[PDB]
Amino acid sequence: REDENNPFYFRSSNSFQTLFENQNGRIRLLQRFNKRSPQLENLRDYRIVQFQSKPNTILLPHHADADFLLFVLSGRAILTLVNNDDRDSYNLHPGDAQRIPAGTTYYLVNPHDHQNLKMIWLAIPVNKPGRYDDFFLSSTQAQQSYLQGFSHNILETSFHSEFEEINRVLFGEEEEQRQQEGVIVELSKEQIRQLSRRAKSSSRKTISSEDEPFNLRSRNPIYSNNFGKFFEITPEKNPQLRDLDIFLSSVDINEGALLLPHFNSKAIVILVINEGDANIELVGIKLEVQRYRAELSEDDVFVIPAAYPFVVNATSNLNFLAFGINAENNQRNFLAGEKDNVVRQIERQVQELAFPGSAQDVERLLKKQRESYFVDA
């Protein structure tokens, strides 16, 4: 079972509906994990969102029908969350994760003058499982302000103004030239040079922060050697992550290397390729062993059900982000290698029954791979 016929593989060229596109940027939405394959029913409440904007741009003020968990892959972002009585600005860098609670009004700036901003947001809708909506305050040539949803009368009395003034100042649909083109607009260094001022960054101490942004590489990867690096922040360590019962991981795999076969005890992992190419082999039980395989590339998404063993083989320098749903107390069990090899953790005698070989034949074999987590392919 491979490509297309593989329910866990989500080739990017045919798995994304774009919510909005412009010459200034683009927001894409991965299709529903369960509409795709009913086998991923417990991921019905989640959605993957890809975001990218050009230098000097800003995603206009809006709020969504869902709770988001942002992650910066590359570039710098300036996230400002506007509440009803004040405001909070965060300067995000690659590796940064920040939580935007459901229904929170915000805008996002890419302050880099010669570079793009690339992100991956995890959406968790509140009203209808798996589906949400963006409400934009602004009125652009691309979409109406949601305030246009109330009648002139209410707007007039609500704002204590004649509708002519309300329309002129906030909507301006009578002269599109005074309107912005879409939800993502370009800026001049001048403008940007202003918004950036006043903004909190992440730092060693925020890994434990209740509301500030935290970086995945603020600590030593849990696994690291000549072939790859595996960084991960768990619910136990971060309060935002604990609220969602999710873990985050960023892992690098060198060209020609593979992340040993292994499985997660309880976490359903959503993995998306950020860069590179790789071959992933997943194992299910039709007790006939079922082989699910695919060739992954940039922007592809692949999900690994809990307890399903898998392997990532890098055909070029690779890097992927990973969301561990139902992460609480998860245990990663490697099937090969020295460290965390659940296999070679069984009692000699039991190993003898489990396999044709024997006490020594088994262990002798399980001792041939001297490396751990990442090995050379």
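Throughout, we count residues from 1 along the sequence that is shown.
Student: Can you say how many deposited residues have no coordinates in the span between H160 and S161, choosing none, 1 to 3, 4 to 9, or 10 or more?
Tutor: According to the record, the chain runs unbroken from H160 to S161.
Student: Please compare 149 to 157 with 194 to 202 and name the stretch with the higher mean C-alpha B-factor in the deposited structure.
Tutor: It is 194 to 202.
Student: Would you tell me which stretch averages the higher CA B-factor in the PDB entry, 91 to 99 or 212 to 220?
Tutor: That would be 212 to 220.
Student: From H62, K54, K339, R26, can you pick the one with the highest C-alpha B factor in the entry?
Tutor: Max CA B-factor in the entry, restricted to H62, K54, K339, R26: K339.
Student: Between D133, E164, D300, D243, which one tops the list for Cα B-factor in this entry?
Tutor: Across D133, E164, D300, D243, the entry lists the biggest C-alpha B-factor for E164.
Student: Where does the C-alpha B-factor of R332 rank in its chain, lowest, middle or highest third?
Tutor: It belongs to the middle third of the chain when residues are ordered by C-alpha B-factor.
Student: Taking the C-alpha B-factors as the PDB entry records them, is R44 in the lowest, middle or highest third of its chain?
Tutor: For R44, whose C-alpha B-factor we compare with every modelled residue in the chain, the answer is the middle third.
Student: Would the CA B-factor of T234 place it in the lowest, middle or highest third of its chain?
Tutor: It belongs to the lowest third of the chain when residues are ordered by C-alpha B-factor.
Student: Just say lowest, middle or highest third for the CA B-factor of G75 relative to the other modelled residues in its chain.
Tutor: Lowest third, going by the recorded CA B-factors of the chain.
Student: Can you tell me which third, lowest, middle or highest, the CA B-factor of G284 falls into for its chain?
Tutor: According to the entry, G284 has a C-alpha B-factor in the chain's highest third.
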